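J.: Take this structure first; my questions come after.
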Amino acid sequence: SXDXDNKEXX
Amino acid sequence: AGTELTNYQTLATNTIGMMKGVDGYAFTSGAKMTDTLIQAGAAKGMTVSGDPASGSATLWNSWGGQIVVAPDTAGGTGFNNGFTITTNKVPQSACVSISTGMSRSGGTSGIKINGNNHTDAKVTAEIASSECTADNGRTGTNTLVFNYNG
Amino acid sequence: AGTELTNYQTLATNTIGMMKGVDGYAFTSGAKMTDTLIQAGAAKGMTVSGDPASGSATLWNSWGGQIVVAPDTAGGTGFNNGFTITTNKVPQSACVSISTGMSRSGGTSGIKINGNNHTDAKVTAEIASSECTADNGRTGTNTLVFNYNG
């Protein structure tokens, strides 16, 4: 989650 | 009909049911509302995790963006109660298909694509194609919000 | 340890979801199984490092102890067996709250605290307090293992 799973998020 | 679209529709109906079942209290944060939904088994099949800030369970869409189910409180001018389902980092292709799909069978009280709020719950592919922004590489740049009963 | 508890519970749920799709093959090492899970975004709330771009991503807990998801003797001439989620160097207080929390959550098929394997998946505060060992300065000395069917 890792690669799958941006850095932003909400 | 597809998995992704179905995910949003099942999430919405399960949330409507959960809110209807609540008596004596109300959610005040998306963090808590989403955690409760997850604990209720409403997100089985979707990727979930834990929030370092609140300790609540978090929900995550098929592209790596987050999905937050939040109650509609007071926005100094807002009054459309109910709740919203927000999903980010949505690729352009999915943005058009999901937004239109939710317009057709999502039973929403409004659909927002980035800074465009279709309060009539009607979004056509022509409109979505224009409002949904292009991807940056393989990264989606769209934020969709599905409003329920306002 | 609220976030920590939610992290292990969701990681387990995500792993069960992923394993339902595997047939005809099995993971032979925690390193590979854990990297695959990280790739799918099943460990968002935890610390990810190592080299995910090379398929060598590693998972860490809040205290810098390694977390490993590994197959539990995969292979039974039929369907996939189980797996374990091991978390290392867990501090005393956290060990008690996490072990009891996972017991109450009721989703495991067993909980281990150091060399104590509670195969009935029942761990009380009284049991944990005793089996969880004191920290060494600011370093946790407990290894927790969560099992999952079998």
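Starting from 1 in every chain, residues are counted up; chains themselves are A, B, ... following the order of the structure tokens, and ligands are numbered from 1 as listed.
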If chain B is superposed onto chain C by least squares using every Cα atom in order, what is the RMSD, in Å to one decimal?
T.: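 After least-squares fitting, the two copies differ by 3.2 Å C-alpha RMSD.
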J.: Output as a tab-separated table one row per residue of segment 23-78 of chain B within 9 Å of chain A: the closest atom pair and its distance in Å to one decimal place, counting only C-alpha atoms, sorted by chain and residue number ascending.
T.:
```
residue	atom	partner	partner_atom	distance
B:60	CA	A:5	CA	7.8
B:61	CA	A:5	CA	8.8
B:62	CA	A:4	CA	8.6
B:63	CA	A:4	CA	6.8
B:64	CA	A:5	CA	3.6
B:65	CA	A:5	CA	5.9
B:66	CA	A:9	CA	5.3
B:67	CA	A:10	CA	7.5
B:68	CA	A:10	CA	7.1
```
J.: Within 10 Å of segment 129-131 of chain B, counting only C-alpha atoms, which residues show up once you throw out same-chain ones fewer than 5 positions away? Write them as number ranges by chain, please.
T.: B: 92-93, 95-97, 99-100, 112-116, 124, 142
J.: Using only C-alpha atoms, find each residue of chain C with at least one atom at most 8 Å away from an atom of chain A; report its shortest atom-to-atom pair and that distance in Å (one decimal), sort the rows by chain and rising residue number, and return the result as CSV.
T.:
```
residue,atom,partner,partner_atom,distance
C:37,CA,A:1,CA,7.4
C:38,CA,A:1,CA,4.4
C:39,CA,A:3,CA,5.1
C:40,CA,A:4,CA,5.5
C:41,CA,A:1,CA,3.3
C:42,CA,A:1,CA,5.5
C:43,CA,A:1,CA,4.8
C:44,CA,A:1,CA,4.5
C:48,CA,A:2,CA,6.2
C:52,CA,A:2,CA,6.4
C:53,CA,A:3,CA,7.9
C:57,CA,A:2,CA,7.4
```
J.: Let me see the file: selected residues, C-alpha atoms, as a PDB file, in the first residue's frame.
T.:
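Now in again.pdb:
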```
ATOM      1  CA  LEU C  37      -0.274  -7.417  -0.300  1.00  0.00           C
ATOM      2  CA  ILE C  38       1.578  -4.117  -0.166  1.00  0.00           C
ATOM      3  CA  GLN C  39       1.365  -3.920  -3.966  1.00  0.00           C
ATOM      4  CA  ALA C  40      -2.427  -4.269  -3.798  1.00  0.00           C
ATOM      5  CA  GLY C  41      -2.630  -1.429  -1.286  1.00  0.00           C
ATOM      6  CA  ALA C  42      -3.773  -3.722   1.524  1.00  0.00           C
ATOM      7  CA  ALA C  43      -1.500  -2.036   4.087  1.00  0.00           C
ATOM      8  CA  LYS C  44      -2.133   1.693   3.636  1.00  0.00           C
ATOM      9  CA  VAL C  48       5.844   0.577   3.939  1.00  0.00           C
ATOM     10  CA  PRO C  52       8.160  -1.946  -3.684  1.00  0.00           C
ATOM     11  CA  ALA C  53       9.313  -0.918  -7.168  1.00  0.00           C
ATOM     12  CA  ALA C  57       8.426  -4.073  -0.141  1.00  0.00           C
TER      13      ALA C  57
END
```
J.: Between C:13, C:28, C:3, C:117, which residue has the minimum interatomic distance to chain B, considering only C-alpha atoms?
T.: C:3
